[PDB]
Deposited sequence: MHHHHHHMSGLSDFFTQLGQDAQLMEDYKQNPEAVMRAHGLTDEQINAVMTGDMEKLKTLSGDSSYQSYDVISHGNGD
């Protein structure tokens, strides 16, 4: 549910521009719970997931 929405939102510029206009409305219509929406609005990436170094400089 949550993952499906994010995938689409990232690809679909229509939906993206829809989300920018009214985030809560778009999210509620895609089935996101309150906790999920709350996490999004507070930017708690940690919780959302709940609900990167590939080199070095040692020569």
**Study point:** Deposited residues absent from the coordinates (by C-alpha)
**Key:** 1 to 9, 61 to 69, 78
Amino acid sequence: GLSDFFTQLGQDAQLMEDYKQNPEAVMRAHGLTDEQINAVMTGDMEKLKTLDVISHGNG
From here on, numbers count along this sequence of modelled residues.
Review point. Which has the higher mean CA temperature factor in the PDB entry, 42 to 50 or 11 to 19?
Key: 42 to 50
